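Asker: The structure is given below, and queries will be raised subsequently.
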Amino acid sequence: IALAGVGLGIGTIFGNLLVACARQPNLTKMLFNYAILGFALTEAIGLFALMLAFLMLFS
Amino acid sequence: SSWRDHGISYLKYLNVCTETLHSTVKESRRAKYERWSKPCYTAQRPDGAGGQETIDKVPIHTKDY
Amino acid sequence: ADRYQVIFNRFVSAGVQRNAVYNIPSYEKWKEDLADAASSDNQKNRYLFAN
Amino acid sequence: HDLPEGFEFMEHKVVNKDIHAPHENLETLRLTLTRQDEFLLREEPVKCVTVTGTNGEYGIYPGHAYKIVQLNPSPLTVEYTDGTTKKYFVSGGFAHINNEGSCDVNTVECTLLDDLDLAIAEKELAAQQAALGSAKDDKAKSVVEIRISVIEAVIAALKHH
């Protein structure tokens with residue numbers, strides 16, 4: 001269930017990203033890099049939850 | 001607010017606001033400010049007889065809006 | 001109307017009165033140019049203004 | 001044959017900051033207050049300027065984000081770094097805010113709040129209220145409503161201080 005708050009978060013980021021890219025087309029690279037950074041940071045939490053699930057499923 | 005629905009443009013709204021603001025000015029200063037709102041412009045076309053046919057494309061005064 | 005060209009006299013000094021022009025394009029053309037400036041790297045001086 | 005453009009005779013251009021540039025901490029805002037192709041302040045350094053836009057009030061300080069504001073009949077306050085406040089009243093116009101530290105407020109009419117009087121506004125408001133009932137048609141009603149709103153804003157500005 002933790003992943004529910006992870007995937008949604010990713011969407012949020014990308015959501016805002018599009019809006020930003022709409023009003024600053026010439027600053028797309030930095031926005032995309034920051035969006036990737038945020039996605040990886042959230043994926044860290046996702047992997048923590050996944051590791052707990054695997055520990056409780058395979059042991 | 002409600003003037004847009006009636007077709008009144010933004011420029012006429014500005015003119016009305018300025019005229020009201022000038023009307024709210026003190027007696028002493030108004031002599032200057034009133035010179036920036038008094039309508040003194042007209043539209044004319046020369047006819048065959050020479051008379052300056054006046055046009056009604058746009059109202060001149062605010063009360064005519 | 002495609003545009004509205006205003007031609008007047010510019011008073012540079014007491015003895016110099018040149019002729020100057022103000023060009024006022026149609027709302028559609030102005031919108032197109034504004035969008036191009038906002039999106040494309042061209043018209044870099046109006047980028048912030050258009051956006 | 002190539003006619004000039006009237007903008008070539010004006011050398012006080014607008015400085016727009018580039019996207020990929022370092023940030024600067026500014027302590028003053030260059031204000032440019034204009035009425036009918038006439039300025040009252042020429043790039044005056046001020047601490048802040050308060051302008052009443054359509055959506056609501058805006059308090060502009062140095063470094064404010066690039067923006068366009070459609071003003072409404074209302075007071076406009078200018079506070080200098082010294083600690084002195086100067087209050088005007090505007091009937092309409094636009095305010096262009098630049099991230100480089102400039103604010104150009106172009107109004108159709110910008111007059112000192114002191115120049116305005118109270119009793120004059122009250123009597124004009126009463127006359128407009130009386131004429132509203134006798135409005136010829138919908139357009140006259142809207143025009144009278146516009147005038148009444150302007151007068152009410154003026155009276156509120158005066159009574160505030």
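Letters A, B, ... mark the chains of the structure tokens in the order given; residue numbers begin at 1 per chain; ligand numbers begin at 1, in order shown.
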As a list in words, please: the residues near range 43-47 of chain B (cut-off 12 Å, only C-alpha atoms, same-chain neighbours under 6 positions excluded).
Answerer: residues 53, 54, 55, 56, 57, 58, 59 and 60 of chain B
Asker: Select from chain C everything DSSP, run on the backbone, classes as helix (DSSP H, G or I), then give the selection as a ChimeraX atom specification.
Answerer: /C:27-39,47-50
Asker: Could you pull out the strand (DSSP E or B) residues of chain B, going by DSSP on the backbone, and write them as a PyMOL selection string?
Answerer: chain B and resi 25+44-46+52-54
Asker: Do you have, as CSV, the list of residues of chain B lying at most 9 Å from chain D, each with its nearest atom pair and that distance in Å to one decimal, counting only C-alpha atoms and ordered by chain then number?
Answerer:
```
residue,atom,partner,partner_atom,distance
B:1,CA,D:146,CA,8.2
B:2,CA,D:142,CA,6.1
B:3,CA,D:142,CA,5.1
B:4,CA,D:142,CA,8.9
B:6,CA,D:139,CA,6.2
B:7,CA,D:139,CA,8.5
B:8,CA,D:139,CA,7.8
B:13,CA,D:146,CA,7.6
B:14,CA,D:92,CA,6.2
B:15,CA,D:108,CA,8.3
B:16,CA,D:147,CA,6.9
B:17,CA,D:91,CA,5.5
B:18,CA,D:91,CA,5.6
B:19,CA,D:147,CA,8.7
B:20,CA,D:147,CA,6.0
B:21,CA,D:91,CA,6.7
B:22,CA,D:116,CA,8.6
B:23,CA,D:120,CA,7.7
B:24,CA,D:121,CA,5.2
B:25,CA,D:116,CA,4.4
B:26,CA,D:117,CA,5.3
B:27,CA,D:117,CA,8.7
B:28,CA,D:115,CA,8.7
B:29,CA,D:115,CA,6.9
B:30,CA,D:115,CA,8.8
B:36,CA,D:36,CA,8.9
B:62,CA,D:143,CA,8.3
B:63,CA,D:140,CA,7.3
B:64,CA,D:140,CA,8.4
B:65,CA,D:139,CA,6.9
```
Asker: List the spatial neighbours of range 26-29 of chain C as a PyMOL selection string - criterion: any atom at most 9 Å away, only C-alpha atoms, same-chain residues fewer than 3 positions off excluded.
Answerer: chain C and resi 1-4+32-34
Asker: For chain D, which residue among C:36, C:43, C:49, C:21 is the nearest when counting only C-alpha atoms?
Answerer: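 Ranking C:36, C:43, C:49, C:21 by distance to chain D, first place goes to C:21.
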